[PDB]
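Single-letter residue listing:
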Amino acid sequence: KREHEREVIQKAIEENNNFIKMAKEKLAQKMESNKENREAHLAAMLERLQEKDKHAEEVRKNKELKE
Amino acid sequence: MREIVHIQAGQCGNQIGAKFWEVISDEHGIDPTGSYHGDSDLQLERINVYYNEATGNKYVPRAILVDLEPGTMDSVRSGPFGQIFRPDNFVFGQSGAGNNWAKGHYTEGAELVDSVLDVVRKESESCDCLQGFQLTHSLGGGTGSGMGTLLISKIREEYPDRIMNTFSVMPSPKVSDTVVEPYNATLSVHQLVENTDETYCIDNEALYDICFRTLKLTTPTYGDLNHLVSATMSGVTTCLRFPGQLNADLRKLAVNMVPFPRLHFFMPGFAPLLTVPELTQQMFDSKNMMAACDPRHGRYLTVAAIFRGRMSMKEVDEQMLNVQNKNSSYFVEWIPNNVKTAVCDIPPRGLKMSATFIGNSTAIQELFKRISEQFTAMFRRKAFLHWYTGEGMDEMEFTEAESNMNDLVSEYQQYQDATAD
Amino acid sequence: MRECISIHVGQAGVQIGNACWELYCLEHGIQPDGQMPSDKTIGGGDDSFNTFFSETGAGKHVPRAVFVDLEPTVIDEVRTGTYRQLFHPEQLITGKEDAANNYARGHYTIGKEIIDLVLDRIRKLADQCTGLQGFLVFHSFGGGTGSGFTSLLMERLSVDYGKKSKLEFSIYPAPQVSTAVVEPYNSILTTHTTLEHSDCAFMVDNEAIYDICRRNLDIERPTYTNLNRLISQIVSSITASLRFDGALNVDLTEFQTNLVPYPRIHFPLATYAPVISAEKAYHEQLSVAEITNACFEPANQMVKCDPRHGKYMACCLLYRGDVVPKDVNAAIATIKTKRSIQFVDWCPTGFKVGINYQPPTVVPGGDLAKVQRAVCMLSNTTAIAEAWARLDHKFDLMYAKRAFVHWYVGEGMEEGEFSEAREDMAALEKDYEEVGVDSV
Ligand SMILES: Nc1nc2c(ncn2[C@@H]2O[C@H](COP(=O)(O)OP(=O)(O)OP(=O)(O)O)[C@@H](O)[C@H]2O)c(=O)[nH]1
Ligand SMILES: Nc1nc2c(ncn2[C@@H]2O[C@H](COP(=O)(O)OP(=O)(O)O)[C@@H](O)[C@H]2O)c(=O)[nH]1
Ligand SMILES: CCOc1ccc(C2=Nn3c(nnc3-c3ccccc3OC)SC2)cc1
Ligand SMILES: [Ca+2]
Ligand SMILES: [Mg+2]
Ligand SMILES: [Mg+2]
């Protein structure tokens, strides 16, 4: 029964620590996922704007070829 | 601490912008010299939203005047409240746009856009917490339409996480300057859907009818139309300039009024042009809309309204819930509690009590169908295309602008015919 | 010993905290400067009021709490409020930009900048305690900060303090006073995330409180001041077992032992009595038997639902003021024969009663009347599932068309987070049905 009392208290600590472990990983997952996603949306949005600049350069160029 | 950088562009954009600063200066107790002589402390609690506090307790309006000709901006300086603006924020050109969208967006405006941005950055580094940018311009012109949409795209490159607000002025045959106006409008809308978070549709056809039919004006000048625009803009930013139970900013407005990123065009409304139920019924009336669109021809997505002046808080809450129950067919079911309303204790100048309206109705498609009809009426015969093609453009860009706007209408039609079950 | 560190997140939690701590100072006798003449022990002590109030060398009794908001316009009022000297500047944390009613901005975007700062302020309060008992989080279900930053905070607290008890005082949204649309979005998301990190959560329907102040206080349009001062009374009665002592006083954690049969079932149904105006209280003594019957009335509950249409799993009564067990035992016997009280077959039907002898206190100028006795009922019923039902319905209406979702996606979240949150909420409602079904 002595070795049983050791098993119970040790198991409680193992479960408690596992709860902290899993929670930290679940949190770091969302925080990393949300970071990459938000950066992607900004990267995509800026790219569409840089395409307007390239398009704007061709318009002024196309007019230059008419002068 | 929540600052908002104001920009005005074009002949129309500068005049409707000038009137905006004149009205709100009265509601905050600000003389043309730039000093304060009010009576309430509710005028200086959120004064740093549109004004910068300089030396000598001066409140300089955070506004940037942009144009391609001195003609309009000279009138602002010599007119009332003209000495209150920052002299370095006056960025004007000499060549002009000639009511051409091509010159404003690609040719002329691109030569002056960089000089404007330098002023923008200077007014953004002095912000404790920059909200976003509000732009007042016209879509039936050249500078306001071309360079206006040009500035927006350039701004989002440096400020992508900031909210872009606009007070676009829709052109109309009733108040028409040229014939190439539907072209400039379509090419502008094509940009607005992509680079704006919220846009106020100030239709001139709606403004003309109000002054003509209701206000009884046989010859409605531009001054009469702007008086309705001034009161409209004064209302929609009341909660932004005056403190209350609601902490309001541009983003939070965009979050709650825009269920879909493309459908961000609203329908302004003001009343009057008296009790609470009367003021309420006149606010949802089709004659008191600043956009030529009958709200009963479509359905509402998101609705917001302000009630200024001393009135019963209980009565207002009753009337708003009364207009919903008697008109539950004109509101989508898949958006619960899509009607919000706050009350301001400070009324506008010369009114006991007023009411400003903002609606994201699906009936706004009528405004786009009208412009698209005028657009395709001239584009099918290739009329007046030498103005745009001569600046380096092609028929492909016009096709995209038409196609994108036609898709927008179908999107408004989709969520209108959409049900719950 | 056995201290409880309170936490107030967002405009809701802060303004509610302003009413709660003001009420605490009135019940214990603490001046707005922090001085407490009744307290003779200078520097500290092991008294009952040392659980919520720490002591200094100047005799200033400082609350064990941290106010946090992503925008300062709310807490700035506390910094210059009447009780401005009561708090230390390192307890009032503010940002520069709110979440704009967005869960993603509160949990990820804006929150990440201040979350490490907040914990460090929480840690400092923890290191001053002889033996921490748990935390108290005051927030709203729908506010971008009250839902976003709270969920971010609860996750961190579970890591930095292990399985230490963390109780919620959430604010269930209501159309009559709904600040902004997308309330159900933020509500479902914060309920899904905090669910496994919260040991017990007391919900408060704003509409339920709004209806009481119109009915019991005769107020046409009750303000937040009118609501928060009422909520504070509930919070006061709950923590009355922690802030006071007595021979008939029973610790809250002993009640919590009965209120939580399953880890997921930690949403009690609070009910306060009596709520009455001063005009109606004049020349009308409300006996113990009368305020008890008010507890089993749907119109006086903090969350709008029908307990008669559900089953009880636990029922507690926390009396305060001049109340004797003789009247309580006589009252309960009467109610048990005139009410629709139906327990499940896997738990006792007996009521647990706690009595605190310190008489209730009202805020000077408040609409509540100074009564001799009061009672707060914490009953764990399956009928509280009706609250999730009305909320999930409104959620499913907007997500069926993906409305307002792009504001969440654009800040970093995915549609997967939405779909996962809803399927968990659907699982919660199912669990409330499973516990109601009779055994085999
Ligand atoms: N009962 C009660 N509820 C409140 C109070 N203040 C805010 N709320 C609730 O809070 C919700 C909105 O969140 P707020 O607390 O106002 O602010 P927030 O939580 O920080 O959210 P953000 O605007 O994103 O920063 C509303 O739906 C209200 O129901 C209050 O004083 N009393
Ligand atoms: N309400 C209002 N509309 C105007 C005003 N000036 C021009 N407009 C509208 O704007 C269109 C012409 O735009 P314009 O001012 O020439 O643009 P710009 O040349 O780029 O400055 C016309 O269709 C008018 O209806 C004004 O002062 N007030
Ligand atoms: C339909 C969904 O529900 C809503 C929830 C919140 C709002 C906010 N209002 N708001 C803001 N800035 N200007 C405004 C406004 C503009 C026009 C009229 C009335 C206004 O409100 C006083 S911030 C948020 C609006 C609607
Ligand atoms: Ca002491
Ligand atoms: Mg012109
Ligand atoms: Mg807030």
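Its PDB header attributes the entry to X-ray crystallography and lists the resolution as 3.7500 Å.

(A) Structural context of the overall build of chain C. Counting its secondary structure elements, chain C contains 16 helices and 14 strands. Relative to the globule expectation of 22 Å for 440 residues, the C-alpha radius of gyration of chain C, 21 Å, shows essentially globular dimensions. A principal-axis box enclosing the C-alpha atoms of chain C has dimensions of 60 × 60 × 45 Å. For chain C, buried positions account for 62% of its 440 residues. Relative to all contacts within chain C whose residues are 6 or more apart in sequence, the contacts with residues 24 or more apart total 81%. Split by element, the accessible area of chain C, about 16100 Å² in all, is 50% carbon and sulfur. In chain C, which carries 40 positive and 57 negative side-chain charges, the distance between the mean positions of the two groups comes to 3 Å.

(B) Fine view of the coordination of the calcium ion (ligand 4). Residues and elements named next belong to chain C. Coordination sphere of the calcium ion (ligand 4), protein contribution only: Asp39 (OD), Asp39 (OD), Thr41 (O), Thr41 (OG1), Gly44 (O), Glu55 (OE) and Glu55 (OE), at 2.3 to 2.5 Å. Read in sequence order, the donor residues coordinating the calcium ion (ligand 4) give the pattern D-x1-T-x2-G-x10-E. Of this pair, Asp39 sits in the loop between helix 1 (10–28) and strand 2 (53–55) while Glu55 sits in strand 2, placing them 16 residues apart in sequence. By relative accessible area, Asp39 is classed as buried at 9%.

(C) The sheet that holds strand 7 (residues 165–169) of chain C, seen in detail. On the basis of which strands lie adjacent, the open sheet formed by 6 strands has the order 5-4-1-6-7-9 (chain C) and parallel pairing. Each edge of the sheet is formed by a strand with only one pairing partner; in this case those strands are strand 5 (92–94) and strand 9 (200–201) of chain C.

(D) Representation of a nonpolar patch on the surface. A contiguous nonpolar patch, built from B:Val179, B:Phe384 and B:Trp387 and spanning about 240 Å² of accessible area, is present on the exposed surface. Within the element layout of this structure, B:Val179 appears in the loop between strand 7 (163–170) and helix 6 (181–195).

(E) Spotlight on the UniProt feature "active site" in chain C. Residues and elements named next belong to chain C. The positions that UniProt labels "active site" are, in the present scheme, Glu254. Along the chain, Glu254 falls in helix 10 (residues 252–259). Owing to a relative accessible area of 41%, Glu254 belongs among the partly exposed residues under this scheme.

(F) The interface of chain C and chain B, seen in detail. Taken together, the contact between chain C and chain B spans 28 residues of the former and 35 residues of the latter. Carbon and sulfur atoms supply 57% of the area buried between chain C and chain B, which totals about 2800 Å² over both sides. Of all residues in chain C, C:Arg221, C:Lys401 and C:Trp407 give up the largest surface area on contact with chain B, accounting jointly for 24% of the area buried on that side. Taken together, chain C and chain B are joined by 7 salt bridges. Those elements that place two or more of their residues in the side of chain C that touches chain B are helix 14 (385–399) and helix 15 (406–409) of chain C. Ranked by residue count, the leading element in the side of chain C that touches chain B is helix 14 of chain C, at 3 residues.

(G) Layout of the interface of chain B and chain A. On the side of chain A, 15 residues touch chain B, which itself brings 17 residues to the contact. Interface of chain B and chain A: buried area, both sides summed, is about 1300 Å²; carbon and sulfur atoms make up 56% of it. Interface area lost by chain B to chain A is led by B:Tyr106, B:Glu157 and B:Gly392, which between them contribute 37%. Between B:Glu391 and A:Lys63 there is a salt bridge, and its shortest N-O distance comes to 2.6 Å.

(H) Looking closely at the site of ligand 1. By nearness alone, 22 residues border ligand 1, and C:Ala12, C:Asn101, C:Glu183, C:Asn206 and C:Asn228 come closest of all. Those chains with residues close to ligand 1 are chains B and C. Side-chain polar atom of C:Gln11 to an oxygen atom of ligand 1: 3.5 Å apart, as the coordinates give it. Between ligand 1 and C:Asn206 there is a distance of 2.6 Å, counted from a nitrogen atom to a side-chain nitrogen or oxygen. Considered on its own, ligand 1 offers 630 Å² of accessible surface; in the complex 98% of this is hidden by protein. Where the shell around ligand 1 is concerned, the elements lending two or more residues are helix 1, helix 5 (144–160) and helix 8 (224–238) of chain C. Counted by class, the shell around ligand 1 contains 6 nonpolar, 12 polar and 4 charged residues.

(I) Spotlight on the packing of aromatic side chains. Residue and element names in this part refer to chain B. This structure, assessed with the given rule, holds 46 aromatic pairs over all chains. Ring centres 5.7 Å apart and planes at 75° place the aromatic pair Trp101 and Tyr106 in the edge-to-face group. You'll find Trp101 and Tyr106 in the same group, each marked buried. Aromatic side chains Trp334 and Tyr415 sit 5.8 Å apart centroid to centroid with 45° between the ring planes, which places their arrangement in the tilted category. Of this pair, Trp334 sits in the loop between helix 12 (313–325) and strand 12 (339–344) while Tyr415 sits in helix 15 (residues 395–417); the two residues are 81 residues apart in sequence, bridging distant segments of the chain. Each member of the pair, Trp334 as well as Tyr415, carries the same accessibility label: buried.

(J) Region of interest: the domain arrangement of chain C. Residue and element names in this part refer to chain C. Segmenting chain C into domains produces domain 1 (1–268), domain 2 (269–383) and domain 3 (384–440). Placing a centre on the C-alpha atoms of domain 1 and another on those of domain 2 gives a separation of 23 Å. When domain 1 packs against domain 2, the two sides together hide about 3700 Å² of surface, and 64% of this comes from carbon and sulfur. Counting across the domain 1 and domain 2 interface gives 5 salt bridges. Between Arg320 and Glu27 there is a salt bridge, and its shortest N-O distance comes to 3.1 Å. Across the domain 1-domain 2 interface, the total number found is 14 residue pairs in polar contact. Of all the secondary structure elements, the ones that give two or more residues to the side of domain 1 that touches domain 2 are helix 1, strand 10 (204–205), helix 7 (206–215), helix 8 and helix 10. Per-element tally for the side of domain 1 that touches domain 2: the top contributor is helix 8, with 8 residues. Residue classes in the side of domain 1 that touches domain 2 are distributed as 24 nonpolar, 7 polar and 10 charged.

Basis of the calculations
- Residues numbered from 1 in each chain as written, not as in the entry; some residues may be left out.
- Chains lettered and ligands numbered in written order.
- Part of a larger assembly, values for the part shown.
- Heavy atoms only, no water.
- Helix = DSSP H or I, 4+ residues; strand = E, 2+ residues; numbered from the N terminus.
- Rg over C-alpha atoms; globule rule 2.2 N^0.38 Å.
- Buried < 20%, exposed > 50% of the residue type's maximum accessible area, 1.4 Å probe, protein only.
- Contact = heavy atoms within 4.5 Å.
- Areas by Shrake-Rupley, 256 points an atom, 1.4 Å probe, with all protein chains shown as cover.
- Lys, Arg positive; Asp, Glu negative; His and termini not counted.
- Charge placed at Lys NZ, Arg CZ, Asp CG, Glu CD.
- Donors = N, O, S within 2.8 Å, 3.2 Å for Na, K, Ca; no water.
- Pairing = 2+ DSSP bridges.
- Patch = residues over 30% accessible without salt bridge, like charges linked within 9 Å, V, L, I, M, F, W, Y side chains within 5 Å.
- Salt bridge = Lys/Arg side-chain N within 4 Å of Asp/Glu carboxyl O.
- UniProt positions renumbered as here; feature names shortened; annotations may be inferred.
- Buried area = accessible area lost by both parts, 1.4 Å probe.
- Near = heavy atom within 4 Å.
- Polar contact = N/O pair within 3.5 Å; in protein donor to acceptor, adjacent residues only side chain to side chain.
- Nonpolar A, V, L, I, M, F, W, Y, C, P; charged D, E, K, R; others polar.
- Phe/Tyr/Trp six-rings, centres within 6.5 Å; stacked < 30°, edge-to-face > 60°.
- Domains from an automatic or database assignment.

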